[PDB]
Amino acid sequence: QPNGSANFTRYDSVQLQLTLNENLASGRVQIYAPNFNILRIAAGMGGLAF
Amino acid sequence: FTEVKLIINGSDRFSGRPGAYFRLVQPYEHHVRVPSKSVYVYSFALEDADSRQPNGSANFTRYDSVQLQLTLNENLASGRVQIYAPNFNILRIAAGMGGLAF
Amino acid sequence: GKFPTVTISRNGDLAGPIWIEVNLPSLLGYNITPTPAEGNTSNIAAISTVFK
Amino acid sequence: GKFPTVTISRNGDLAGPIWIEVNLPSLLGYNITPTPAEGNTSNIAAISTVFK
Amino acid sequence: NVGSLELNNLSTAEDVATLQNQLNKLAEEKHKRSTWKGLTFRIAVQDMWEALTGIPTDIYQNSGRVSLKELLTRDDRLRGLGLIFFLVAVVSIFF
Amino acid sequence: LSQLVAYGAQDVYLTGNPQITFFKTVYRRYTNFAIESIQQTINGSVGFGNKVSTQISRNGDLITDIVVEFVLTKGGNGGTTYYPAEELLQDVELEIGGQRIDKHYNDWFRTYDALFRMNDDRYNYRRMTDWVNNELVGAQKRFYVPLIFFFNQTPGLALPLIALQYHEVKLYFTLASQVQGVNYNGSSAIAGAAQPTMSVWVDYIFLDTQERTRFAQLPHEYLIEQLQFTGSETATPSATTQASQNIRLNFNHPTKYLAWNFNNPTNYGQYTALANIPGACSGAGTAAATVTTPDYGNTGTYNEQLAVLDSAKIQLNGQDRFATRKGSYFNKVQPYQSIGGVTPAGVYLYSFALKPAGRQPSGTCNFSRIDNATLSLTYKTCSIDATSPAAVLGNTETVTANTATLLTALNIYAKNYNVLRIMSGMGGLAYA
Amino acid sequence: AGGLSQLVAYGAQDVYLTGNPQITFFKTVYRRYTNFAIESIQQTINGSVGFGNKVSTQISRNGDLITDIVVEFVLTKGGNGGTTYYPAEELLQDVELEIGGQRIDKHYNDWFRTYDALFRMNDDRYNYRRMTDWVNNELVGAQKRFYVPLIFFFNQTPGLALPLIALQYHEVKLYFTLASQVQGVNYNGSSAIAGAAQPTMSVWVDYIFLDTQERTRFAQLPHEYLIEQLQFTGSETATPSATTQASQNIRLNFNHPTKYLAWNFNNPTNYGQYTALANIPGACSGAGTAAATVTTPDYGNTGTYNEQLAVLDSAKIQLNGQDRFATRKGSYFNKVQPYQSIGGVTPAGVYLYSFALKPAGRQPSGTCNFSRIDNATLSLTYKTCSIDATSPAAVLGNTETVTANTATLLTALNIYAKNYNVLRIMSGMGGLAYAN
Amino acid sequence: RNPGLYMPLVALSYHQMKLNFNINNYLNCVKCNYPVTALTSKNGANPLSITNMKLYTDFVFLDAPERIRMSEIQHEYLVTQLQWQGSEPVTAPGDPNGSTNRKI
Amino acid sequence: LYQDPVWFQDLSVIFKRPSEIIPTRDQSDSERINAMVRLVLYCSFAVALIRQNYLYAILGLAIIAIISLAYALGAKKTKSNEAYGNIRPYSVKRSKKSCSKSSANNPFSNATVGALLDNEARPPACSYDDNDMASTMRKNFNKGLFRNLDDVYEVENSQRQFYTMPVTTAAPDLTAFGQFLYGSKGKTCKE
C-alpha cells in the first residue's frame with residue numbers, strides 16, 4: 001500500500017548535497033530511488049504509464 | 001536429499017528440484033523463518049504460518065494415489081524419514097455437541 | 001560476460017516469484033594462470049597414483 | 001503405531017462381513033534389550049554348530 | 001459415402017442410443033401430428049378442456065415475474081380464450 | 001465423434017456397394033496434400049544436464065513426425081556405447097497451451113523399442129541412436145531419435161496447429177547429465193568430452209483448400225495415446241528367500257497395456273544381471289572380465305537366466321486379473337501373441353488389448369475405476385556366482401546371478417487412451 | 001474374478017471406446033470372393049542367351065490375368081565364397097516391358113538393387129539374397145539355380161494383374177538384356193575368368209484362371225489400371241578429394257506425379273558398390289591383413305550400414321528454383337526417411353526422398369507433380385574424401401563431414417523416380433493415358 | 001513479491017514479459033590472494049563456465065471463471081520500480097582535483 | 001469490453017414495472033416503443049372511462065397491436081453498431097452493442113480463423129457475464145463429451161485450459177488501449 005511519495009515529476013532540478021569525510025578514496029555513490037507507476041492492462045496488451 | 005519430486009495420481013506435481021531448494025528456498029518464500037537445519041518443506045499455498053486465513057490447499061482426498069520420490073544422497077545412514085502434512089478440517093459445534101467435521 | 005534472455009511462457013495465468021537456479025563448479029580445481037609462485041594446482045585423492 | 005486405511009472397492013454389490021487376517025511373528029526369536037540377565041535367546045538347532 | 005451428424009432431437013441425445021433414437025423421434029412425430037390435428041379447426045368437445053387449461057394458467061402466467069406474450073397466449077392458449085364465445089353467447093341470450 | 005450419425009439419400013439412393021474382384025484393385029481418390037520438414041528454434045542452451053525447449057512454428061496446417069537429431073562424439077572404443085542418443089534424450093514432454101498431453105523417458109524409448117519394433121526396424125533404430133560399426137574414440141556422428149507420440153505415429157492423428165491459433169505447442173527436452181561412452185565411462189568422467197549439437201525437426205502437412213478450411217474451422221476430437229509412468233525400488237535378495245513385493249500401481253485411464261522392467265540406474269539399458277559369459281560383461285570370457293561392468297555395446301540380452309522376475313500377477317481392486325504367471329510369460333509369451341517381435345530379458349509386458357502395437361482400441365482396462373491395482377512380484381533368488389559360467393549357464397529356473405541384485409529400480413509403464421479436444425483455437429484433454 | 005474385474009470396472013473414459021459398439025472383434029467379416037486358380041509355366045525366349053546378349057520373350061496367352069514373373073538363371077561360380085555379389089541381379093542388367101509396341105516399364109539392375117535396398121527387409125531381403133547370390137560359403141565350380149522375381153507394377157500388385165484377355169489385339173513382351181560381366185562369375189574385377197560358363201535362362205510366368213463370368217467380364221469390359229512406373233537419369237559425380245566440399249546440381253528430368261525419388265552413387269566397376277572401400281572388416285578385399293587393399297571390394301560383402309563410407313554430406317530438392325525442404329544431411333535420406341516411411345534398414349550409400357506418406361504402399365498417398373514443374377533440381381553436397389582408407393584409425397575415428405579417399409571412385413550418380421500413370425485397356429487394345 | 005501484483009500474463013497476449021540478464025565477467029566474483037589474470041580448469045581447458053543455469057517461475061493457475069475474468073476485464077495495478085544514478089566523488093585525495101562538497 | 005444498462009421490449013409484462021413513462025427521450029428503440037405503448041394504453045383507458053362506451057379501450061388495444069407489429073416486422077437488419085477504435089459515429093443513442101455469440105464451431109468465440117471465414121469484421125466476444133453466455137458456453141463445451149460423474153464442479157474434463165482470449169477481433173484495437181493508458185485530457189494546458 002502506498003504510504004506517501006515525493007512527486008519528482010514536478011522537481012525541475014534536484015540536487016543532493018553530500019558532504020564527504022576527508023578520508024575517502026575516489027569512488028562512486030550510487031543513488032537509488034524506488035518509485036510508483038501504474039501498470040495498465042487492457043485488450044490483451046500491456047505497458048507502463050500514468 | 002539430492003532431489004525431491006512429488007507424484008500426484010501418477011504425474012509429476014512439479015519438476016524435481018534439488019534438496020537445497022526445499023531446504024532453503026521454499027521456507028524463505030512461504031514461511032516465517034528458514035530453519036537453517038536440514039528440514040525440507042513444500043507448500044500448496046502462498047505465504048503462511050497458518051496466518052489465520054486460508055491461502056490455498058491441496059485436496060488430497062481426491063488424489064487416488066500419491067507417492068513421494070526421494071533421491072537420496074550417497075552418505076546417509078539407515079533410518080527414518082518422518083513426513084508431516086498439516087491439513088484443514090472444520091470444528092463442528094452445535095447445541096452443546098462437538099466433534100470435528102471432515 | 002553474456003547477456004541471455006528469458007521469455008516467460010504463457011503456460012499459466014500469473015507470473016509469481018522467480019528464482020534463478022545456478023549451479024557453480026567448485027573453484028579449487030581451477031588453476032591460477034600466472035602461476036604466482038607455489039604453483040597452480042594438483043588433485044591429490046583422485047589421481048597421482050604415486051601416492052598410497 | 002501406524003494408521004493405514006482401506007478403501008472398500010465395488011467388487012460386488014453388497015459389502016458384507018469383513019475380516020482382518022494378521023500374520024504375526026514368533027517373539028522367542030527376539031531379544032529383550034534391557035537385558036534381563038540370562039542371555040536373552042539363542043536358537044539351538046539352527047545355529048551354534050558346535051552342537052551335534 | 002459421407003458422414004452427416006444430427007446434433008439433437010429437440011433434446012440432446014449422445015451418440016450412444018441406436019434404436020432409442022428412432023423410437024423417440026417417431027414418438028416426437030406422433031405427438032406433433034396429434035397436437036396439430038387436435039389444435040386445428042376440427043375439434044369435437046376439447047374446447048372445454050382448452051378453456052379450463054387457459055383460465056388458471058393464463059392467470060398464473062402473470063404470477064411469474066414476467067411471461068412473454070409469445071408464451072402467455074400462444075402456448076396452446078389462444079383457442080383457450082374460446083370460452084369468451086360461450087360467455088358472450090350466454091349474455092346475448094340474457095341481453 | 002459421439003454425435004448420432006445418419007446418411008441422406010444422396011449417399012444411399014444415388015449410390016450403392018459395387019462388387020470388387022480380388023484382382024481388380026480400386027484405389028481411393030484422396031485429398032491434395034504435401035509434406036515438408038523444417039527446423040525449429042531451440043530455446044535454452046544445449047549441453048549435458050540441460051533442459052531446452054521448442055515452440056513449434058505455424059509453418060503448415062497439421063504436424064506428424066518429429067525427429068530430434070544430435071551430434072555426439074565418442075569417448076571410447078567400440079563396445080563402450082549404448083544408444084547414446086536415446087540415453088541423452090532423457091525426458092521429452094508434449095505440451096499444448098501450457099497443458100501436458102504426454103511425457104516420454106529415455107528408459108521408455110528403450111522399453112518401447114524392446115517391445116514394439118523388430119528385426120531390421122530395430123536394427124535401423126539402433127544405428128539411428130547408436131554406433132554400430134565398431135568405430136573409434138574421437139569419432140563424431142549424427143544420431144536421430146524419432147519421437148513416438150501418438151501424432152508422430154500416424155497422419156490420422158496429426159496435430160492441427162491450424163486449429164490451435166491461440167495455443168503454444170511445445171516440446172521440452174531434458175538432456176542427460178551423463179551419457180555412457182560419451183560424457184562418462186561407468187562412474188568416471190571423460191575428459192575432453194564435447195557437448196552435443198542439437199536440433200529438432202518437425203514435419204508439416206500442407207493441406208489444399210477444401211479440407212484445410214474444414215480443419216481450420218471445425219472442432220475436433222482425436223483418440224490419443226498417453227504414457228503414464230511410475231516406479232519403485234526392488235526387493236532382490238541374494239540368499240535364503242525369494243522376495244515378494246507388492247507395488248501399488250498408480251494409473252488412471254483405459255489402458256491398452258502395462259509394461260515394466262528391472263533396471264540398474266548405473267548403466268542405461270541394463271535390465272539384466274551381468275555374468276562372465278560372452279556378451280554379459282566387459283571382457284567376458286577372459287581373465288580381465290569385470291562382472292560389475294557391462295559390455296556397453298551389448299547390454300541387452302535374450303538370456304532370461306540373468307533376469308530377476310520369477311513370477312507375477314496383477315490385481316485389480318484386489319482381484320487377481322489372471323492366474324499367476326512366470327516371468328518368462330511376460331517376457332516371451334505375452335509379446336509373441338500380442339506384438340510378434342522379440343523382447344530381451346528384463347523387459348516385461350502384460351496386455352489388455354488384442355493388438356497393443358495398433359492404434360484402434362482393441363480392449364482396455366480403465367484404471368479410473370480401479371482403486372487398488374497392484375503388481376505382485378516374486379523375485380528369483382540371486383545366489384549364483386556370476387563369475388562362473390558353470391553355474392550361470394547351468395542352474396534352475398528359480399535362481400539367478402548374485403549381480404542381479406544391482407537391478408534395484410522398477411520402471412512401470414502404462415499406455416492409455418484419452419481424447420484430445422480442440423475448440424476455439426485452443427486444445428486440452430477430454431479427461432484429466 | 002479375472003477378466004470380470006476388468007470388464008465390470010467401467011467408466012466414462014470407456015464410452016468413447018465401447019459405447020454403441022460398431023464392430024465385433026471375435027466374429028469377422030468376409031468380403032465377396034471369386035474362385036481362382038494359379039498355374040506357373042515357362043515362356044519361350046527368342047534369342048541367344050549368354051553374357052552381354054539381349055533376348056526377348058512374349059507372354060503366352062495361357063491364362064486370363066498375369067500375377068508375377070520370375071526369371072531363372074543357372075550360373076556357375078568362377079571364384080570362391082566372398083567373390084560374388086547378387087550375381088543373378090547383376091546379370092539381368094536391363095528389363096523392359098512393352099504393350100502393343102509401346103514402352104510401359106523400364107528397370108535397370110541398379111534399380112533392382114536400389115529397390116531391395118529400400119523396400120525389402122528382414123527375411124524377405126535375406127531370402128531375396130538367397131535366390132540371387134551364394135550365401136552358404138559355396139566354392140569355385142559350384143553351380144546354382146538363381147531367381148530374379150520381377151518388380152514391375154503387375155508383378156508386385158496382385159490387383160494390377162494384366163488383363164491379357166482384354167488385350168487380344170496386343171502382344172505383351174519383355175526384353176531381358178544381360179550384362180557382359182558378372183563379378184566372381186565371368187570376371188574378377190577387370191580380369192576375365194577362363195572357362196566361365198554361359199548362363200542358362202528361362203522365364204516363368206504366373207497365371208490366373210478365372211471362372212466363366214468373371215473371365216467374360218475381364219475380356220469384354222473396358223478397364224483402367226493405376227500403375228507405377230520407373231523413370232531414370234544419371235551423370236558423373238563431382239566428388240572432392242580435398243580442401244573442399246564440392247557441390248553439384250543435377251536437373252531432375254522427370255515428368256509425372258512422383259511417389260518418391262531415390263538415388264545412390266556408385267563405382268561403375270563394381271555392381272552394388274555404393275560406398276567407399278576401407279581396411280576395416282567387411283569393407284574391402286583382404287581387410288584386416290597385410291594383403292588388404294582398398295581398390296578391390298569384398299565382393300561377398302559390398303554392402304554396409306556404415307554411413308561414413310558414404311559420400312553424400314547433404315542434400316536439398318528445389319522446385320522451380322524454390323527450396324522444397326531445408327537442406328538435410330545425407331543420413332536423413334539414408335536412415336530417417338526409410339524409418340519414418342518404409343520401415344527396416346537402408347544400406348549406406350542409398351538415399352530416399354519420399355513425397356508420399358507411404359512410398360512402400362500401393363495406395364497413392366501424396367505425389368510430386370513434376371509434370372507441372374519447369375525446374376526441378378537435386379542439390380548435393382559431398383563429404384571431403386580426405387581419409388586414408390587403409391588406416392582403421394582414420395576410417396573409424398573420424399567426423400561427419402569427411403570420408404575415405406576411395407570414395408572418389410564413386411563416379412556415377414543414379415537417380416530414380418517412381419511415378420504413376422494410367423493404363424487404359426479397351427476393345428482388345430491399350431496403352432498409357434499420359435504422355436511425357 | 002506480492003500475489004496481488006503477480007503479472008497477469010493471461011491478459012498480455014501481445015506483450016510477452018522478458019528478462020534480460022547481465023551476467024558478470026569471468027575475471028570477477030573471485031577474491032584471492034594473488035593477482036590472477038585468468039583461471040582455467042586443471043582438467044581440460046574449461047574457462048570456468050557455469051555448470052547449469054535454470055530459471056524457475058512460479059506460476060499460478062486459476063480456475064476457469066477467474067481465468068475468463070482476468071482475460072476479459074481491464075486491470076490497473078499500482079506497482080513499484082526503481083531509478084538510479086552514477087556519480088564522481090573524487091573527494092580531494094591529496095590531489096587538488098576536488099573537495100568534500102559534492103552535489104549530485 | 002463495453003457495457004450498457006438494462007432494458008427490454010414491450011413483450012412480457014415490463015410495461016408495468018417501470019410504469020409512468022409516456023414519451024421518448026435518450027431511450028433505446030425498445031424503450032421508446034414501450035413508452036408509446038404506455039401513452040396509448042393510458043390515453044385510451046382514460047378516454048374509455050370518461051365516455052363509458054367500452055370501445056375506446058378496444059381501439060387502444062388495436063392501435064397498440066398495430067404499433068407493436070410495425071416495430072416487430074419493419075426492423076431493418078442493416079445495423080453495424082460495433083464499437084472499437086476512436087470513433088463510434090453510427091449512432092449516439094442508446095442501443096445494444098453487437099456481440100459475437102458463442103457458436104458450435106467456435107465455443108469460446110476466440111476468432112482463430114472464423115474471422116477470415118465470413119465476418120471479415122467480427123464484433124468482439126463480449127463479457128463472460130453479459131447475456132447468460134456462460135450457460136451457452138458450458139453447453140457448447142459439453143457437446144459430445146462424457147463426464148465420469150465424480151466432479152459436480154466440473155474441472156476434470158479440463159475447463160480451465162480453455163478460455164476466451166483477451167482480444168476477439170482481427171485487430172487488437174490499439175487505439176482504445178492507448179486511450180486507456182493515456183487519456184485525451186481534452187483541452188490541455190499547452191493549448
# chains A, B, ... in the order shown; residues from 1 in each chain; ligands from 1
$ calpha_fit_and_write --fixed "chain D" --moving "chain C" --output "PDB file with N, CA and C atoms, in the first residue's frame"
ATOM      1  N   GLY C   1       1.687 -48.886  15.706  1.00  0.00           N
ATOM      2  CA  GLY C   1       1.785 -47.445  15.848  1.00  0.00           C
ATOM      3  C   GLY C   1       1.363 -46.722  14.574  1.00  0.00           C
ATOM      4  N   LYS C   2       0.919 -47.475  13.575  1.00  0.00           N
ATOM      5  CA  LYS C   2       0.536 -46.899  12.313  1.00  0.00           C
ATOM      6  C   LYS C   2      -0.967 -46.793  12.202  1.00  0.00           C
ATOM      7  N   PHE C   3      -1.389 -45.943  11.282  1.00  0.00           N
ATOM      8  CA  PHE C   3      -2.791 -45.734  11.010  1.00  0.00           C
ATOM      9  C   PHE C   3      -3.104 -45.890   9.537  1.00  0.00           C
ATOM     10  N   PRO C   4      -3.048 -47.104   8.983  1.00  0.00           N
ATOM     11  CA  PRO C   4      -3.300 -47.386   7.603  1.00  0.00           C
ATOM     12  C   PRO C   4      -4.776 -47.270   7.394  1.00  0.00           C
ATOM     13  N   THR C   5      -5.181 -47.074   6.158  1.00  0.00           N
ATOM     14  CA  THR C   5      -6.601 -47.126   5.876  1.00  0.00           C
ATOM     15  C   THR C   5      -6.914 -48.116   4.770  1.00  0.00           C
ATOM     16  N   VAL C   6      -8.157 -48.551   4.720  1.00  0.00           N
ATOM     17  CA  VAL C   6      -8.597 -49.406   3.631  1.00  0.00           C
ATOM     18  C   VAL C   6      -9.830 -48.879   2.959  1.00  0.00           C
ATOM     19  N   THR C   7      -9.809 -48.826   1.644  1.00  0.00           N
ATOM     20  CA  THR C   7     -10.992 -48.432   0.918  1.00  0.00           C
ATOM     21  C   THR C   7     -11.601 -49.712   0.425  1.00  0.00           C
ATOM     22  N   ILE C   8     -12.887 -49.887   0.645  1.00  0.00           N
ATOM     23  CA  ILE C   8     -13.539 -51.100   0.212  1.00  0.00           C
ATOM     24  C   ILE C   8     -13.959 -50.928  -1.224  1.00  0.00           C
ATOM     25  N   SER C   9     -13.391 -51.739  -2.086  1.00  0.00           N
ATOM     26  CA  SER C   9     -13.639 -51.559  -3.500  1.00  0.00           C
ATOM     27  C   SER C   9     -15.073 -51.837  -3.883  1.00  0.00           C
ATOM     28  N   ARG C  10     -15.591 -51.084  -4.853  1.00  0.00           N
ATOM     29  CA  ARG C  10     -16.918 -51.379  -5.384  1.00  0.00           C
ATOM     30  C   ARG C  10     -16.764 -52.403  -6.492  1.00  0.00           C
ATOM     31  N   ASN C  11     -16.382 -53.600  -6.085  1.00  0.00           N
ATOM     32  CA  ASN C  11     -16.080 -54.717  -6.956  1.00  0.00           C
ATOM     33  C   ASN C  11     -16.951 -55.893  -6.600  1.00  0.00           C
ATOM     34  N   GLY C  12     -18.139 -55.551  -6.142  1.00  0.00           N
ATOM     35  CA  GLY C  12     -19.213 -56.420  -5.714  1.00  0.00           C
ATOM     36  C   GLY C  12     -20.322 -55.463  -5.362  1.00  0.00           C
ATOM     37  N   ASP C  13     -21.490 -55.964  -5.012  1.00  0.00           N
ATOM     38  CA  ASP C  13     -22.586 -55.071  -4.722  1.00  0.00           C
ATOM     39  C   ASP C  13     -22.699 -54.771  -3.247  1.00  0.00           C
ATOM     40  N   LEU C  14     -22.476 -55.783  -2.413  1.00  0.00           N
ATOM     41  CA  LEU C  14     -22.709 -55.570  -0.999  1.00  0.00           C
ATOM     42  C   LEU C  14     -21.452 -55.850  -0.192  1.00  0.00           C
ATOM     43  N   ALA C  15     -21.165 -55.022   0.804  1.00  0.00           N
ATOM     44  CA  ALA C  15     -20.049 -55.323   1.696  1.00  0.00           C
ATOM     45  C   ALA C  15     -20.540 -56.147   2.868  1.00  0.00           C
ATOM     46  N   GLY C  16     -20.183 -57.419   2.848  1.00  0.00           N
ATOM     47  CA  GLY C  16     -20.586 -58.389   3.827  1.00  0.00           C
ATOM     48  C   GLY C  16     -19.571 -58.373   4.943  1.00  0.00           C
ATOM     49  N   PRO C  17     -19.343 -59.498   5.613  1.00  0.00           N
ATOM     50  CA  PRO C  17     -18.431 -59.657   6.712  1.00  0.00           C
ATOM     51  C   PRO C  17     -17.026 -59.281   6.342  1.00  0.00           C
ATOM     52  N   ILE C  18     -16.346 -58.660   7.286  1.00  0.00           N
ATOM     53  CA  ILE C  18     -14.970 -58.280   7.098  1.00  0.00           C
ATOM     54  C   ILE C  18     -14.083 -58.890   8.149  1.00  0.00           C
ATOM     55  N   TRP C  19     -13.022 -59.515   7.679  1.00  0.00           N
ATOM     56  CA  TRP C  19     -12.012 -60.109   8.532  1.00  0.00           C
ATOM     57  C   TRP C  19     -10.625 -59.560   8.304  1.00  0.00           C
ATOM     58  N   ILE C  20      -9.869 -59.392   9.371  1.00  0.00           N
ATOM     59  CA  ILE C  20      -8.516 -58.928   9.169  1.00  0.00           C
ATOM     60  C   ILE C  20      -7.631 -60.124   9.381  1.00  0.00           C
ATOM     61  N   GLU C  21      -6.829 -60.443   8.380  1.00  0.00           N
ATOM     62  CA  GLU C  21      -5.992 -61.616   8.453  1.00  0.00           C
ATOM     63  C   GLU C  21      -4.614 -61.146   8.842  1.00  0.00           C
ATOM     64  N   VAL C  22      -4.174 -61.526  10.026  1.00  0.00           N
ATOM     65  CA  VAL C  22      -2.916 -61.009  10.500  1.00  0.00           C
ATOM     66  C   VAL C  22      -1.901 -62.096  10.723  1.00  0.00           C
ATOM     67  N   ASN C  23      -0.798 -62.004  10.016  1.00  0.00           N
ATOM     68  CA  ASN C  23       0.289 -62.932  10.201  1.00  0.00           C
ATOM     69  C   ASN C  23       1.362 -62.334  11.098  1.00  0.00           C
ATOM     70  N   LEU C  24       1.413 -62.844  12.326  1.00  0.00           N
ATOM     71  CA  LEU C  24       2.393 -62.403  13.302  1.00  0.00           C
ATOM     72  C   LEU C  24       3.543 -63.386  13.400  1.00  0.00           C
ATOM     73  N   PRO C  25       4.747 -62.857  13.595  1.00  0.00           N
ATOM     74  CA  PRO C  25       5.957 -63.674  13.743  1.00  0.00           C
ATOM     75  C   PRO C  25       6.000 -64.391  15.082  1.00  0.00           C
ATOM     76  N   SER C  26       6.735 -65.495  15.169  1.00  0.00           N
ATOM     77  CA  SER C  26       6.971 -66.095  16.475  1.00  0.00           C
ATOM     78  C   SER C  26       7.730 -65.108  17.341  1.00  0.00           C
ATOM     79  N   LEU C  27       7.344 -65.004  18.604  1.00  0.00           N
ATOM     80  CA  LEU C  27       7.968 -64.017  19.467  1.00  0.00           C
ATOM     81  C   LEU C  27       9.222 -64.524  20.157  1.00  0.00           C
ATOM     82  N   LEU C  28       9.404 -65.827  20.307  1.00  0.00           N
ATOM     83  CA  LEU C  28      10.567 -66.301  21.052  1.00  0.00           C
ATOM     84  C   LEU C  28      11.910 -65.940  20.396  1.00  0.00           C
ATOM     85  N   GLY C  29      11.927 -65.775  19.078  1.00  0.00           N
ATOM     86  CA  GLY C  29      13.147 -65.412  18.366  1.00  0.00           C
ATOM     87  C   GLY C  29      13.713 -64.011  18.585  1.00  0.00           C
ATOM     88  N   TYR C  30      12.906 -63.143  19.185  1.00  0.00           N
ATOM     89  CA  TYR C  30      13.243 -61.755  19.452  1.00  0.00           C
ATOM     90  C   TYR C  30      13.909 -61.638  20.815  1.00  0.00           C
ATOM     91  N   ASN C  31      14.857 -60.713  20.922  1.00  0.00           N
ATOM     92  CA  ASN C  31      15.606 -60.500  22.152  1.00  0.00           C
ATOM     93  C   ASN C  31      14.884 -59.493  23.031  1.00  0.00           C
ATOM     94  N   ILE C  32      15.172 -59.538  24.325  1.00  0.00           N
ATOM     95  CA  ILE C  32      14.664 -58.573  25.288  1.00  0.00           C
ATOM     96  C   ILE C  32      15.752 -57.542  25.533  1.00  0.00           C
ATOM     97  N   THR C  33      15.622 -56.385  24.885  1.00  0.00           N
ATOM     98  CA  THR C  33      16.763 -55.494  24.721  1.00  0.00           C
ATOM     99  C   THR C  33      17.524 -55.158  26.002  1.00  0.00           C
ATOM    100  N   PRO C  34      16.899 -54.806  27.128  1.00  0.00           N
ATOM    101  CA  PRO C  34      17.712 -54.456  28.301  1.00  0.00           C
ATOM    102  C   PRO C  34      18.617 -55.583  28.769  1.00  0.00           C
ATOM    103  N   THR C  35      18.427 -56.809  28.283  1.00  0.00           N
ATOM    104  CA  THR C  35      19.174 -57.973  28.745  1.00  0.00           C
ATOM    105  C   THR C  35      19.032 -58.101  30.264  1.00  0.00           C
ATOM    106  N   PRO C  36      17.870 -58.548  30.725  1.00  0.00           N
ATOM    107  CA  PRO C  36      17.547 -58.481  32.156  1.00  0.00           C
ATOM    108  C   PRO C  36      18.561 -59.177  33.064  1.00  0.00           C
ATOM    109  N   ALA C  37      19.125 -60.304  32.639  1.00  0.00           N
ATOM    110  CA  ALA C  37      20.088 -61.009  33.481  1.00  0.00           C
ATOM    111  C   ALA C  37      20.681 -62.256  32.827  1.00  0.00           C
ATOM    112  N   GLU C  38      19.813 -63.167  32.404  1.00  0.00           N
ATOM    113  CA  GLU C  38      20.248 -64.455  31.875  1.00  0.00           C
ATOM    114  C   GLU C  38      20.711 -64.354  30.426  1.00  0.00           C
ATOM    115  N   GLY C  39      20.518 -63.183  29.828  1.00  0.00           N
ATOM    116  CA  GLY C  39      20.868 -62.983  28.436  1.00  0.00           C
ATOM    117  C   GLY C  39      19.659 -62.736  27.554  1.00  0.00           C
ATOM    118  N   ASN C  40      19.921 -62.526  26.268  1.00  0.00           N
ATOM    119  CA  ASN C  40      18.881 -62.216  25.291  1.00  0.00           C
ATOM    120  C   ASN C  40      18.190 -63.393  24.597  1.00  0.00           C
ATOM    121  N   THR C  41      18.940 -64.160  23.810  1.00  0.00           N
ATOM    122  CA  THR C  41      18.365 -65.300  23.105  1.00  0.00           C
ATOM    123  C   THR C  41      19.394 -65.915  22.172  1.00  0.00           C
ATOM    124  N   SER C  42      19.306 -67.229  21.987  1.00  0.00           N
ATOM    125  CA  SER C  42      20.196 -67.975  21.109  1.00  0.00           C
ATOM    126  C   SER C  42      19.460 -69.186  20.551  1.00  0.00           C
ATOM    127  N   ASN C  43      19.296 -69.226  19.230  1.00  0.00           N
ATOM    128  CA  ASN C  43      18.709 -70.393  18.581  1.00  0.00           C
ATOM    129  C   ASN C  43      19.637 -71.588  18.716  1.00  0.00           C
ATOM    130  N   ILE C  44      19.069 -72.735  19.086  1.00  0.00           N
ATOM    131  CA  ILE C  44      19.845 -73.936  19.355  1.00  0.00           C
ATOM    132  C   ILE C  44      19.843 -74.912  18.188  1.00  0.00           C
ATOM    133  N   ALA C  45      18.719 -75.083  17.502  1.00  0.00           N
ATOM    134  CA  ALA C  45      18.607 -76.140  16.509  1.00  0.00           C
ATOM    135  C   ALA C  45      19.144 -75.697  15.157  1.00  0.00           C
ATOM    136  N   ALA C  46      18.983 -74.416  14.831  1.00  0.00           N
ATOM    137  CA  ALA C  46      19.267 -73.970  13.472  1.00  0.00           C
ATOM    138  C   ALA C  46      20.734 -73.599  13.298  1.00  0.00           C
ATOM    139  N   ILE C  47      21.394 -73.192  14.375  1.00  0.00           N
ATOM    140  CA  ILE C  47      22.714 -72.606  14.297  1.00  0.00           C
ATOM    141  C   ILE C  47      23.581 -73.263  15.370  1.00  0.00           C
ATOM    142  N   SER C  48      24.619 -72.550  15.812  1.00  0.00           N
ATOM    143  CA  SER C  48      25.487 -73.001  16.893  1.00  0.00           C
ATOM    144  C   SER C  48      25.987 -74.405  16.588  1.00  0.00           C
ATOM    145  N   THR C  49      26.732 -74.534  15.488  1.00  0.00           N
ATOM    146  CA  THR C  49      27.140 -75.846  14.994  1.00  0.00           C
ATOM    147  C   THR C  49      28.115 -76.531  15.942  1.00  0.00           C
ATOM    148  N   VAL C  50      28.521 -75.844  17.012  1.00  0.00           N
ATOM    149  CA  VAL C  50      29.310 -76.488  18.058  1.00  0.00           C
ATOM    150  C   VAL C  50      28.510 -77.609  18.714  1.00  0.00           C
ATOM    151  N   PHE C  51      27.189 -77.561  18.590  1.00  0.00           N
ATOM    152  CA  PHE C  51      26.344 -78.598  19.164  1.00  0.00           C
ATOM    153  C   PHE C  51      26.011 -79.659  18.127  1.00  0.00           C
ATOM    154  N   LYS C  52      25.978 -80.910  18.576  1.00  0.00           N
ATOM    155  CA  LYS C  52      25.741 -82.052  17.705  1.00  0.00           C
ATOM    156  C   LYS C  52      24.382 -82.661  18.004  1.00  0.00           C
TER     157      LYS C  52
END
$ interface_residues --of "chain G" --to "chain F" --cutoff "8 Å" --atoms "only C-alpha atoms" --output "PyMOL selection string"
chain G and resi 1-3+5-7+9-11+13-14+16-17+25+32-34+121-122+158-161+226+305-306+324-326+331+335-336+339-340+343-346+355-356+363-367+393+396-400
$ atom_distance --atom1 "atom CA of residue E:32" --atom2 "atom CA of residue I:144"
26.8 Å
$ interface_residues --of "chain I" --to "chain E" --cutoff "6 Å" --atoms "only C-alpha atoms" --output "PyMOL selection string"
chain I and resi 11-13
$ atom_distance --atom1 "atom CA of residue I:23" --atom2 "atom CA of residue I:90"
23.7 Å
$ residues_around --residues "residue H:15" --least-positions-apart "5" --cutoff "10 Å" --atoms "only C-alpha atoms" --output "ChimeraX atom specification"
/A:44-47 /H:9
$ residues_around --residues "residue H:26" --least-positions-apart "4" --cutoff "9 Å" --atoms "only C-alpha atoms" --output "list in words"
residues 1 of chain C; 30, 38, 39, 47, 48 and 49 of chain H
$ closest_atom_pairs --of "chain I" --to "chain B" --cutoff "12 Å" --atoms "only C-alpha atoms" --output "JSON lines"
{"residue": "I:150", "atom": "CA", "partner": "B:62", "partner_atom": "CA", "distance": 9.7}
{"residue": "I:151", "atom": "CA", "partner": "B:62", "partner_atom": "CA", "distance": 10.2}
{"residue": "I:156", "atom": "CA", "partner": "B:62", "partner_atom": "CA", "distance": 11.1}
